[PDB]
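K.L.:
Contents of query.pdb (PDB, C-alpha atoms and all ligand atoms):
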ATOM      1  CA  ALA A 265      28.189   0.017  -7.160  1.00  0.00           C
ATOM      2  CA  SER A 266      28.776  -3.788  -7.241  1.00  0.00           C
ATOM      3  CA  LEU A 267      26.894  -6.835  -5.776  1.00  0.00           C
ATOM      4  CA  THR A 268      27.165  -6.187  -2.002  1.00  0.00           C
ATOM      5  CA  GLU A 269      27.075  -2.406  -2.674  1.00  0.00           C
ATOM      6  CA  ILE A 270      23.630  -2.709  -4.303  1.00  0.00           C
ATOM      7  CA  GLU A 271      22.404  -5.368  -1.832  1.00  0.00           C
ATOM      8  CA  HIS A 272      23.273  -2.930   0.995  1.00  0.00           C
ATOM      9  CA  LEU A 273      20.853  -0.482  -0.660  1.00  0.00           C
ATOM     10  CA  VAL A 274      18.098  -3.148  -1.094  1.00  0.00           C
ATOM     11  CA  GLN A 275      18.300  -3.941   2.627  1.00  0.00           C
ATOM     12  CA  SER A 276      18.724  -0.232   3.370  1.00  0.00           C
ATOM     13  CA  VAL A 277      15.406   0.712   1.688  1.00  0.00           C
ATOM     14  CA  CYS A 278      13.558  -2.369   3.030  1.00  0.00           C
ATOM     15  CA  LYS A 279      14.557  -1.454   6.601  1.00  0.00           C
ATOM     16  CA  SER A 280      13.596   2.219   5.953  1.00  0.00           C
ATOM     17  CA  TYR A 281      10.114   1.143   4.879  1.00  0.00           C
ATOM     18  CA  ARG A 282       9.726  -1.457   7.664  1.00  0.00           C
ATOM     19  CA  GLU A 283      10.339   1.346  10.123  1.00  0.00           C
ATOM     20  CA  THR A 284       7.968   3.852   8.509  1.00  0.00           C
ATOM     21  CA  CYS A 285       5.012   1.749   7.253  1.00  0.00           C
ATOM     22  CA  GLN A 286       2.456   3.206   9.791  1.00  0.00           C
ATOM     23  CA  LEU A 287       0.208   0.115   9.653  1.00  0.00           C
ATOM     24  CA  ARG A 288       1.729  -3.400   9.899  1.00  0.00           C
ATOM     25  CA  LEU A 289       0.782  -5.871   7.163  1.00  0.00           C
ATOM     26  CA  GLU A 290       0.138  -8.580   9.794  1.00  0.00           C
ATOM     27  CA  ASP A 291      -2.440  -6.236  11.321  1.00  0.00           C
ATOM     28  CA  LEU A 292      -4.180  -5.272   8.058  1.00  0.00           C
ATOM     29  CA  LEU A 293      -4.542  -8.906   6.913  1.00  0.00           C
ATOM     30  CA  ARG A 294      -6.020 -10.202  10.172  1.00  0.00           C
ATOM     31  CA  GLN A 295      -8.394  -7.218  10.376  1.00  0.00           C
ATOM     32  CA  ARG A 296      -9.866  -8.162   6.935  1.00  0.00           C
ATOM     33  CA  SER A 297     -12.629 -10.213   8.637  1.00  0.00           C
ATOM     34  CA  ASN A 298     -13.652  -7.138  10.697  1.00  0.00           C
ATOM     35  CA  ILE A 299     -16.052  -5.440   8.235  1.00  0.00           C
ATOM     36  CA  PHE A 300     -18.314  -2.448   9.087  1.00  0.00           C
ATOM     37  CA  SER A 301     -21.989  -3.278   9.740  1.00  0.00           C
ATOM     38  CA  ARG A 302     -24.811  -1.801   7.610  1.00  0.00           C
ATOM     39  CA  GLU A 303     -25.734   0.449  10.587  1.00  0.00           C
ATOM     40  CA  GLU A 304     -22.162   1.743  10.878  1.00  0.00           C
ATOM     41  CA  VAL A 305     -21.986   2.344   7.105  1.00  0.00           C
ATOM     42  CA  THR A 306     -25.226   4.384   7.225  1.00  0.00           C
ATOM     43  CA  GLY A 307     -23.724   6.081  10.309  1.00  0.00           C
ATOM     44  CA  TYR A 308     -20.782   7.176   8.168  1.00  0.00           C
ATOM     45  CA  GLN A 309     -23.019   8.044   5.213  1.00  0.00           C
ATOM     46  CA  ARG A 310     -25.223  10.405   7.277  1.00  0.00           C
ATOM     47  CA  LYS A 311     -22.180  12.545   8.250  1.00  0.00           C
ATOM     48  CA  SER A 312     -21.459  15.885   6.573  1.00  0.00           C
ATOM     49  CA  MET A 313     -19.047  16.018   3.643  1.00  0.00           C
ATOM     50  CA  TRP A 314     -17.015  18.370   5.869  1.00  0.00           C
ATOM     51  CA  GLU A 315     -16.684  15.812   8.636  1.00  0.00           C
ATOM     52  CA  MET A 316     -15.645  13.221   6.097  1.00  0.00           C
ATOM     53  CA  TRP A 317     -13.041  15.588   4.516  1.00  0.00           C
ATOM     54  CA  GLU A 318     -11.737  16.368   8.012  1.00  0.00           C
ATOM     55  CA  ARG A 319     -11.491  12.707   9.016  1.00  0.00           C
ATOM     56  CA  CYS A 320      -9.965  11.739   5.642  1.00  0.00           C
ATOM     57  CA  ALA A 321      -7.506  14.635   5.458  1.00  0.00           C
ATOM     58  CA  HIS A 322      -6.389  13.918   9.043  1.00  0.00           C
ATOM     59  CA  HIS A 323      -5.356  10.331   8.288  1.00  0.00           C
ATOM     60  CA  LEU A 324      -3.941  11.112   4.857  1.00  0.00           C
ATOM     61  CA  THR A 325      -1.745  13.983   6.156  1.00  0.00           C
ATOM     62  CA  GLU A 326      -0.680  11.651   8.961  1.00  0.00           C
ATOM     63  CA  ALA A 327       0.239   9.149   6.202  1.00  0.00           C
ATOM     64  CA  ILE A 328       2.259  11.811   4.334  1.00  0.00           C
ATOM     65  CA  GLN A 329       4.194  12.412   7.580  1.00  0.00           C
ATOM     66  CA  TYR A 330       5.235   8.723   7.574  1.00  0.00           C
ATOM     67  CA  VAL A 331       6.204   8.985   3.880  1.00  0.00           C
ATOM     68  CA  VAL A 332       8.482  11.953   4.674  1.00  0.00           C
ATOM     69  CA  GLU A 333      10.239   9.867   7.380  1.00  0.00           C
ATOM     70  CA  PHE A 334      10.733   7.122   4.780  1.00  0.00           C
ATOM     71  CA  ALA A 335      12.146   9.721   2.375  1.00  0.00           C
ATOM     72  CA  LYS A 336      14.397  11.174   5.122  1.00  0.00           C
ATOM     73  CA  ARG A 337      16.087   7.796   5.784  1.00  0.00           C
ATOM     74  CA  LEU A 338      16.787   7.010   2.142  1.00  0.00           C
ATOM     75  CA  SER A 339      20.558   7.396   1.793  1.00  0.00           C
ATOM     76  CA  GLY A 340      21.358  10.289  -0.509  1.00  0.00           C
ATOM     77  CA  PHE A 341      18.030  12.101  -0.003  1.00  0.00           C
ATOM     78  CA  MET A 342      19.451  14.309   2.760  1.00  0.00           C
ATOM     79  CA  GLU A 343      22.536  15.216   0.654  1.00  0.00           C
ATOM     80  CA  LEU A 344      20.128  16.801  -1.885  1.00  0.00           C
ATOM     81  CA  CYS A 345      19.631  20.567  -1.560  1.00  0.00           C
ATOM     82  CA  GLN A 346      16.660  22.098   0.318  1.00  0.00           C
ATOM     83  CA  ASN A 347      14.806  23.095  -2.895  1.00  0.00           C
ATOM     84  CA  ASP A 348      15.273  19.651  -4.530  1.00  0.00           C
ATOM     85  CA  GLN A 349      14.114  17.706  -1.447  1.00  0.00           C
ATOM     86  CA  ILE A 350      10.798  19.593  -1.278  1.00  0.00           C
ATOM     87  CA  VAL A 351      10.204  19.376  -5.064  1.00  0.00           C
ATOM     88  CA  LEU A 352      10.463  15.544  -4.885  1.00  0.00           C
ATOM     89  CA  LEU A 353       8.117  15.313  -1.896  1.00  0.00           C
ATOM     90  CA  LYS A 354       5.565  17.741  -3.313  1.00  0.00           C
ATOM     91  CA  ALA A 355       5.281  15.691  -6.528  1.00  0.00           C
ATOM     92  CA  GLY A 356       5.622  12.251  -4.875  1.00  0.00           C
ATOM     93  CA  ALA A 357       4.215  11.867  -1.329  1.00  0.00           C
ATOM     94  CA  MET A 358       0.549  11.529  -2.414  1.00  0.00           C
ATOM     95  CA  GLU A 359       1.486   9.011  -5.116  1.00  0.00           C
ATOM     96  CA  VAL A 360       3.407   7.003  -2.436  1.00  0.00           C
ATOM     97  CA  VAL A 361       0.425   7.059  -0.024  1.00  0.00           C
ATOM     98  CA  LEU A 362      -1.804   5.770  -2.870  1.00  0.00           C
ATOM     99  CA  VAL A 363       0.505   2.789  -3.524  1.00  0.00           C
ATOM    100  CA  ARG A 364       0.963   2.053   0.230  1.00  0.00           C
ATOM    101  CA  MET A 365      -2.848   2.020   0.492  1.00  0.00           C
ATOM    102  CA  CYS A 366      -3.177  -1.202  -1.542  1.00  0.00           C
ATOM    103  CA  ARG A 367      -1.968  -3.191   1.518  1.00  0.00           C
ATOM    104  CA  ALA A 368      -5.045  -1.895   3.311  1.00  0.00           C
ATOM    105  CA  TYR A 369      -7.351  -3.177   0.527  1.00  0.00           C
ATOM    106  CA  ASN A 370      -9.124  -6.528   0.589  1.00  0.00           C
ATOM    107  CA  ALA A 371      -9.597  -7.491  -3.066  1.00  0.00           C
ATOM    108  CA  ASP A 372     -12.021 -10.336  -2.203  1.00  0.00           C
ATOM    109  CA  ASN A 373     -14.850  -8.162  -0.866  1.00  0.00           C
ATOM    110  CA  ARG A 374     -13.680  -4.863  -2.464  1.00  0.00           C
ATOM    111  CA  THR A 375     -13.203  -3.093   0.913  1.00  0.00           C
ATOM    112  CA  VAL A 376     -10.577  -0.798   2.498  1.00  0.00           C
ATOM    113  CA  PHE A 377      -9.223  -0.290   6.023  1.00  0.00           C
ATOM    114  CA  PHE A 378     -10.673   2.934   7.427  1.00  0.00           C
ATOM    115  CA  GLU A 379     -10.845   3.989  11.082  1.00  0.00           C
ATOM    116  CA  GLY A 380     -10.591   0.571  12.739  1.00  0.00           C
ATOM    117  CA  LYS A 381     -12.644  -1.632  10.378  1.00  0.00           C
ATOM    118  CA  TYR A 382     -13.057  -2.483   6.670  1.00  0.00           C
ATOM    119  CA  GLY A 383     -15.668  -0.793   4.448  1.00  0.00           C
ATOM    120  CA  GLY A 384     -16.634  -0.641   0.766  1.00  0.00           C
ATOM    121  CA  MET A 385     -16.733   2.511  -1.340  1.00  0.00           C
ATOM    122  CA  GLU A 386     -20.344   3.323  -0.335  1.00  0.00           C
ATOM    123  CA  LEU A 387     -18.755   4.321   2.987  1.00  0.00           C
ATOM    124  CA  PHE A 388     -17.555   7.628   1.477  1.00  0.00           C
ATOM    125  CA  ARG A 389     -20.907   8.625  -0.092  1.00  0.00           C
ATOM    126  CA  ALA A 390     -20.971  11.881   1.944  1.00  0.00           C
ATOM    127  CA  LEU A 391     -18.047  13.290  -0.082  1.00  0.00           C
ATOM    128  CA  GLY A 392     -20.002  13.234  -3.380  1.00  0.00           C
ATOM    129  CA  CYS A 393     -16.826  12.320  -5.285  1.00  0.00           C
ATOM    130  CA  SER A 394     -17.898   8.805  -6.408  1.00  0.00           C
ATOM    131  CA  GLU A 395     -15.861   9.040  -9.640  1.00  0.00           C
ATOM    132  CA  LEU A 396     -12.536   9.650  -7.845  1.00  0.00           C
ATOM    133  CA  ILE A 397     -13.171   7.057  -5.111  1.00  0.00           C
ATOM    134  CA  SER A 398     -13.966   4.350  -7.743  1.00  0.00           C
ATOM    135  CA  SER A 399     -10.677   5.030  -9.523  1.00  0.00           C
ATOM    136  CA  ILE A 400      -8.804   4.847  -6.187  1.00  0.00           C
ATOM    137  CA  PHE A 401     -10.466   1.473  -5.498  1.00  0.00           C
ATOM    138  CA  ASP A 402      -9.718   0.382  -9.099  1.00  0.00           C
ATOM    139  CA  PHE A 403      -6.043   1.309  -8.762  1.00  0.00           C
ATOM    140  CA  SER A 404      -5.847  -0.504  -5.410  1.00  0.00           C
ATOM    141  CA  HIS A 405      -7.571  -3.538  -6.893  1.00  0.00           C
ATOM    142  CA  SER A 406      -5.027  -3.942  -9.705  1.00  0.00           C
ATOM    143  CA  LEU A 407      -2.055  -3.614  -7.315  1.00  0.00           C
ATOM    144  CA  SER A 408      -3.691  -6.264  -5.107  1.00  0.00           C
ATOM    145  CA  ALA A 409      -3.802  -8.577  -8.155  1.00  0.00           C
ATOM    146  CA  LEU A 410       0.041  -8.488  -8.168  1.00  0.00           C
ATOM    147  CA  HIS A 411       0.294  -9.534  -4.467  1.00  0.00           C
ATOM    148  CA  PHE A 412       2.842  -6.767  -3.827  1.00  0.00           C
ATOM    149  CA  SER A 413       5.430  -7.775  -1.247  1.00  0.00           C
ATOM    150  CA  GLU A 414       6.500  -5.379   1.530  1.00  0.00           C
ATOM    151  CA  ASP A 415      10.011  -5.191   0.049  1.00  0.00           C
ATOM    152  CA  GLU A 416       8.489  -4.515  -3.411  1.00  0.00           C
ATOM    153  CA  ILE A 417       6.417  -1.576  -2.096  1.00  0.00           C
ATOM    154  CA  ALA A 418       9.541  -0.291  -0.259  1.00  0.00           C
ATOM    155  CA  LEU A 419      11.561  -0.390  -3.472  1.00  0.00           C
ATOM    156  CA  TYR A 420       8.904   0.829  -5.941  1.00  0.00           C
ATOM    157  CA  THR A 421       7.766   3.765  -3.715  1.00  0.00           C
ATOM    158  CA  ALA A 422      11.379   4.824  -3.290  1.00  0.00           C
ATOM    159  CA  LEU A 423      11.411   5.060  -7.096  1.00  0.00           C
ATOM    160  CA  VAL A 424       8.142   7.004  -7.125  1.00  0.00           C
ATOM    161  CA  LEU A 425       9.740   9.731  -4.961  1.00  0.00           C
ATOM    162  CA  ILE A 426      13.222   9.887  -6.491  1.00  0.00           C
ATOM    163  CA  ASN A 427      12.438  11.072 -10.042  1.00  0.00           C
ATOM    164  CA  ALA A 428      14.966  13.084 -12.110  1.00  0.00           C
ATOM    165  CA  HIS A 429      12.178  14.332 -14.403  1.00  0.00           C
ATOM    166  CA  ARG A 430      10.370  16.366 -11.681  1.00  0.00           C
ATOM    167  CA  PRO A 431       9.981  20.025 -12.801  1.00  0.00           C
ATOM    168  CA  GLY A 432      11.991  22.628 -10.839  1.00  0.00           C
ATOM    169  CA  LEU A 433      15.052  20.657  -9.697  1.00  0.00           C
ATOM    170  CA  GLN A 434      18.403  22.444  -9.324  1.00  0.00           C
ATOM    171  CA  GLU A 435      20.818  19.486  -9.264  1.00  0.00           C
ATOM    172  CA  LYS A 436      19.153  17.102 -11.759  1.00  0.00           C
ATOM    173  CA  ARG A 437      22.351  14.985 -12.017  1.00  0.00           C
ATOM    174  CA  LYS A 438      22.378  14.491  -8.212  1.00  0.00           C
ATOM    175  CA  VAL A 439      18.813  13.107  -8.418  1.00  0.00           C
ATOM    176  CA  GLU A 440      19.669  11.142 -11.616  1.00  0.00           C
ATOM    177  CA  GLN A 441      22.551   9.345  -9.864  1.00  0.00           C
ATOM    178  CA  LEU A 442      20.243   8.518  -6.959  1.00  0.00           C
ATOM    179  CA  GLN A 443      17.309   7.296  -9.111  1.00  0.00           C
ATOM    180  CA  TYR A 444      19.682   5.052 -11.044  1.00  0.00           C
ATOM    181  CA  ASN A 445      20.997   3.229  -7.939  1.00  0.00           C
ATOM    182  CA  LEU A 446      17.439   2.623  -6.726  1.00  0.00           C
ATOM    183  CA  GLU A 447      16.448   1.237 -10.143  1.00  0.00           C
ATOM    184  CA  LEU A 448      19.408  -1.157  -9.931  1.00  0.00           C
ATOM    185  CA  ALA A 449      18.324  -2.189  -6.425  1.00  0.00           C
ATOM    186  CA  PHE A 450      14.697  -2.640  -7.615  1.00  0.00           C
ATOM    187  CA  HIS A 451      15.730  -4.652 -10.687  1.00  0.00           C
ATOM    188  CA  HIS A 452      18.313  -6.727  -8.767  1.00  0.00           C
ATOM    189  CA  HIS A 453      15.798  -7.673  -6.078  1.00  0.00           C
ATOM    190  CA  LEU A 454      13.084  -8.767  -8.507  1.00  0.00           C
ATOM    191  CA  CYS A 455      15.699 -10.865 -10.257  1.00  0.00           C
ATOM    192  CA  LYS A 456      16.811 -12.330  -6.873  1.00  0.00           C
ATOM    193  CA  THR A 457      13.203 -13.147  -5.904  1.00  0.00           C
ATOM    194  CA  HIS A 458      11.951 -14.490  -9.313  1.00  0.00           C
ATOM    195  CA  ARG A 459       9.563 -11.524  -9.563  1.00  0.00           C
ATOM    196  CA  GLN A 460      10.579  -9.837 -12.840  1.00  0.00           C
ATOM    197  CA  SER A 461       7.035 -10.489 -14.108  1.00  0.00           C
ATOM    198  CA  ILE A 462       5.578  -7.548 -12.169  1.00  0.00           C
ATOM    199  CA  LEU A 463       7.573  -4.889 -14.094  1.00  0.00           C
ATOM    200  CA  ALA A 464       5.313  -5.200 -17.160  1.00  0.00           C
ATOM    201  CA  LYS A 465       2.235  -5.265 -14.896  1.00  0.00           C
ATOM    202  CA  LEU A 466       2.869  -1.977 -13.025  1.00  0.00           C
ATOM    203  CA  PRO A 467       0.709   1.132 -13.780  1.00  0.00           C
ATOM    204  CA  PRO A 468       2.526   3.753 -15.981  1.00  0.00           C
ATOM    205  CA  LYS A 469       4.145   6.803 -14.322  1.00  0.00           C
ATOM    206  CA  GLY A 470       1.568   9.231 -15.820  1.00  0.00           C
ATOM    207  CA  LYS A 471      -1.353   7.162 -14.406  1.00  0.00           C
ATOM    208  CA  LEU A 472      -0.439   7.837 -10.730  1.00  0.00           C
ATOM    209  CA  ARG A 473      -0.871  11.652 -10.983  1.00  0.00           C
ATOM    210  CA  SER A 474      -3.844  11.443 -13.425  1.00  0.00           C
ATOM    211  CA  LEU A 475      -5.916  10.605 -10.313  1.00  0.00           C
ATOM    212  CA  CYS A 476      -4.603  13.759  -8.538  1.00  0.00           C
ATOM    213  CA  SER A 477      -6.901  16.010 -10.701  1.00  0.00           C
ATOM    214  CA  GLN A 478      -9.813  17.361  -8.594  1.00  0.00           C
ATOM    215  CA  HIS A 479      -7.461  17.023  -5.611  1.00  0.00           C
TER     216      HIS A 479
HETATM  217  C1  LIG B   1      -0.742   2.481   4.526  1.00  0.00           C
HETATM  218  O1  LIG B   1      -1.645   3.543   4.160  1.00  0.00           O
HETATM  219  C2  LIG B   1      -2.802   3.761   4.873  1.00  0.00           C
HETATM  220  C3  LIG B   1      -3.976   3.043   4.595  1.00  0.00           C
HETATM  221  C4  LIG B   1      -5.136   3.277   5.322  1.00  0.00           C
HETATM  222  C5  LIG B   1      -5.159   4.236   6.345  1.00  0.00           C
HETATM  223  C6  LIG B   1      -4.009   4.964   6.610  1.00  0.00           C
HETATM  224  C7  LIG B   1      -2.835   4.726   5.885  1.00  0.00           C
HETATM  225  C8  LIG B   1      -3.973   6.006   7.693  1.00  0.00           C
HETATM  226  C9  LIG B   1      -4.809   5.465   8.848  1.00  0.00           C
HETATM  227  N1  LIG B   1      -6.201   5.100   8.446  1.00  0.00           N
HETATM  228  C10 LIG B   1      -7.246   5.302   9.302  1.00  0.00           C
HETATM  229  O2  LIG B   1      -8.371   4.992   8.971  1.00  0.00           O
HETATM  230  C11 LIG B   1      -7.080   5.886  10.690  1.00  0.00           C
HETATM  231  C12 LIG B   1      -6.738   4.709  11.564  1.00  0.00           C
HETATM  232  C13 LIG B   1      -5.516   4.383  12.046  1.00  0.00           C
HETATM  233  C14 LIG B   1      -5.739   3.185  12.775  1.00  0.00           C
HETATM  234  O3  LIG B   1      -4.814   2.459  13.456  1.00  0.00           O
HETATM  235  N2  LIG B   1      -7.017   2.925  12.657  1.00  0.00           N
HETATM  236  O4  LIG B   1      -7.582   3.757  11.980  1.00  0.00           O
HETATM  237  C15 LIG B   1      -6.451   4.493   7.110  1.00  0.00           C
HETATM  238  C16 LIG B   1      -7.173   5.413   6.159  1.00  0.00           C
HETATM  239  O5  LIG B   1      -7.019   6.609   6.280  1.00  0.00           O
HETATM  240  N3  LIG B   1      -7.954   4.855   5.190  1.00  0.00           N
HETATM  241  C17 LIG B   1      -8.591   5.503   4.122  1.00  0.00           C
HETATM  242  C18 LIG B   1      -9.140   4.717   3.110  1.00  0.00           C
HETATM  243  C19 LIG B   1      -9.705   5.296   1.975  1.00  0.00           C
HETATM  244  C20 LIG B   1      -9.710   6.679   1.795  1.00  0.00           C
HETATM  245  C21 LIG B   1     -10.315   7.280   0.527  1.00  0.00           C
HETATM  246  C22 LIG B   1     -11.447   8.268   0.790  1.00  0.00           C
HETATM  247  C23 LIG B   1      -9.220   8.025  -0.242  1.00  0.00           C
HETATM  248  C24 LIG B   1     -10.851   6.224  -0.448  1.00  0.00           C
HETATM  249  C25 LIG B   1      -9.118   7.469   2.801  1.00  0.00           C
HETATM  250  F1  LIG B   1      -9.064   8.816   2.717  1.00  0.00           F
HETATM  251  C26 LIG B   1      -8.556   6.888   3.934  1.00  0.00           C
END
Re-express the file's structure as structure tokens.
P.N.:
Amino acid sequence: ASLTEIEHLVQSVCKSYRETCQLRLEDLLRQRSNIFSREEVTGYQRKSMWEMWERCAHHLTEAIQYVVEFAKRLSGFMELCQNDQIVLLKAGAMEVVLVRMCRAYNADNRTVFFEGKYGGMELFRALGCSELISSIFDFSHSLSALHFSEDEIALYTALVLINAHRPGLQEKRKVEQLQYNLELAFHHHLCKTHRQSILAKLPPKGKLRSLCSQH
């Protein structure tokens, strides 16, 4: 665990994310101008809550599938025992999706990428969960303020998954050793990119799963 050793891991995780990001940043950023029309928004609003759940759950599960593939090609993750792998994914994958979602959020007009175009939070009125949606938009807004780089998401979301303090882990030391190397990679990269400032500005680790309440 020296200089090139850790830099191998940085590049290792950044490749792993690049290959499992589902939606390209270049796509999301260009698509920002393509906003839903008032007709289309009403169109979405008239739908049943059930059709909105179905649509939403589809894409979100699909997202979780991509997060698993990211987890699978993190070195060390496969060496963990069956039980420990699933514990980490059960407590992490939704938190990872939530972070990854900030790339799909235009902070200028307060809109999100959903089914082809960008819409505001009034788009999901059918769900009747305005409280939860606001907080999701809030959380995305603050992470947009930091201008999160692709590599930074890659590294941070690796650290979201690989947590030694998850309840019900058999080989805690095996996870510990893994979490530690990823912290080193994360901290080394921020140092290397003059981006240490963001550490202090990241949401606390009990704020991610405070949103997963009526979930
Ligand atoms: C990087 O993480 C993301 C970000 C957005 C989306 C996804 C994954 C999955 C595909 N998707 C789609 O809309 C489906 C589709 C794919 C494509 O090429 N074109 O369209 C988006 C998405 O699901 N957005 C959405 C935004 C708010 C919500 C909340 C209701 C939680 C606010 C939500 F459930 C989903």
K.L.:
At a cut-off of 10 Å around ligand LIG 1 (chain B), and using only C-alpha atoms and all ligand atoms, what residues come up? Please write them as an NGL selection string.
P.N.:
:A and (284-289 or 291-292 or 316-328 or 330-331 or 360-369 or 375-389 or 391 or 393-394 or 396-401 or 404)
K.L.:
For a test of reading the model, state the distance in Å between CA of residue 444 in chain A and CA of residue 470 in chain A, rounded to one decimal.
P.N.:
19.2 Å
K.L.:
Name the residues captured by the PyMOL selection byres (((chain A and resi 454) around 12) and not hetatm) when it is applied to the shown file; answer as a ChimeraX atom specification.
P.N.:
/A:271,274,412-413,415-417,419-420,447-453,455-463
K.L.:
Tell me, as number ranges by chain, which residues lie within 9 Å of residue 466 in chain A, counting only C-alpha atoms; anything in the same chain fewer than 2 positions away does not count.
P.N.:
A: 406-407, 410, 462-464, 468-469
K.L.:
Please compute the CA of residue 409 in chain A-CA of residue 424 in chain A distance, one decimal, in Å.
P.N.:
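These atoms are spaced 19.7 Å apart.
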K.L.:
Please return, as a ChimeraX atom specification, all polymer residues that have at least one atom within 10 Å of the point (20.4, 3.6, -6.3); use only C-alpha atoms and the file's own coordinate frame.
P.N.:
/A:265,269-270,273-274,277,338-340,422-423,426,439-450
K.L.:
Please dump the current selection as an mmCIF file, in the coordinates of the input; keep C-alpha atoms.
P.N.:
data_model
loop_
_atom_site.group_PDB
_atom_site.id
_atom_site.type_symbol
_atom_site.label_atom_id
_atom_site.label_comp_id
_atom_site.auth_asym_id
_atom_site.auth_seq_id
_atom_site.Cartn_x
_atom_site.Cartn_y
_atom_site.Cartn_z
ATOM 1 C CA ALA A 265 28.189 0.017 -7.160
ATOM 2 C CA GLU A 269 27.075 -2.406 -2.674
ATOM 3 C CA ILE A 270 23.630 -2.709 -4.303
ATOM 4 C CA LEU A 273 20.853 -0.482 -0.660
ATOM 5 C CA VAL A 274 18.098 -3.148 -1.094
ATOM 6 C CA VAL A 277 15.406 0.712 1.688
ATOM 7 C CA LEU A 338 16.787 7.010 2.142
ATOM 8 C CA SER A 339 20.558 7.396 1.793
ATOM 9 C CA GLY A 340 21.358 10.289 -0.509
ATOM 10 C CA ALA A 422 11.379 4.824 -3.290
ATOM 11 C CA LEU A 423 11.411 5.060 -7.096
ATOM 12 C CA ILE A 426 13.222 9.887 -6.491
ATOM 13 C CA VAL A 439 18.813 13.107 -8.418
ATOM 14 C CA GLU A 440 19.669 11.142 -11.616
ATOM 15 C CA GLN A 441 22.551 9.345 -9.864
ATOM 16 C CA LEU A 442 20.243 8.518 -6.959
ATOM 17 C CA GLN A 443 17.309 7.296 -9.111
ATOM 18 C CA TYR A 444 19.682 5.052 -11.044
ATOM 19 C CA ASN A 445 20.997 3.229 -7.939
ATOM 20 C CA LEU A 446 17.439 2.623 -6.726
ATOM 21 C CA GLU A 447 16.448 1.237 -10.143
ATOM 22 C CA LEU A 448 19.408 -1.157 -9.931
ATOM 23 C CA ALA A 449 18.324 -2.189 -6.425
ATOM 24 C CA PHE A 450 14.697 -2.640 -7.615
#
K.L.:
Provide the CA of residue 334 in chain A to CA of residue 474 in chain A distance in Å, to one decimal place.
P.N.:
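Calculated distance between CA of residue 334 in chain A and CA of residue 474 in chain A is 23.7 Å.
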K.L.:
Enclose all atoms of range 330-347 of chain A listed in the file in an axis-aligned box, grow every side by 3 Å, and hand back centre and edge lengths in Å to one decimal, as AutoDock Vina command-line options.
P.N.:
--center_x 13.9 --center_y 15.1 --center_z 2.3 --size_x 23.3 --size_y 22.1 --size_z 16.5
K.L.:
Which of these residues is nearest to residue 355 in chain A, using all atoms listed in the file: A:295, A:427, A:408, A:329?
P.N.:
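Using all atoms listed in the file, residue 355 in chain A sits closest to A:427.
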K.L.:
Which of these, A:372, A:478, A:392, A:430, has the shortest distance to residue 314 in chain A once you count only C-alpha atoms?
P.N.:
A:392
K.L.:
Taking only C-alpha atoms into account, which of A:293, A:344, A:358, A:475 comes nearest residue 433 in chain A?
P.N.:
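Selected residue with least distance to residue 433 in chain A: A:344.
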K.L.:
With distances taken over all atoms listed in the file, which of A:405, A:471, A:336, A:429 is nearest to residue 374 in chain A?
P.N.:
A:405
K.L.:
Please determine, counting all atoms listed in the file, which residue among A:373, A:473, A:438, A:418 has the shortest atom-to-atom distance to residue 300 in chain A.
P.N.:
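Nearest candidate to residue 300 in chain A out of A:373, A:473, A:438, A:418: A:373.
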K.L.:
Tell me which of A:294, A:354, A:411, A:337 sits closest to residue 278 in chain A, counting only C-alpha atoms.
P.N.:
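Smallest separation from residue 278 in chain A among the options: A:337.
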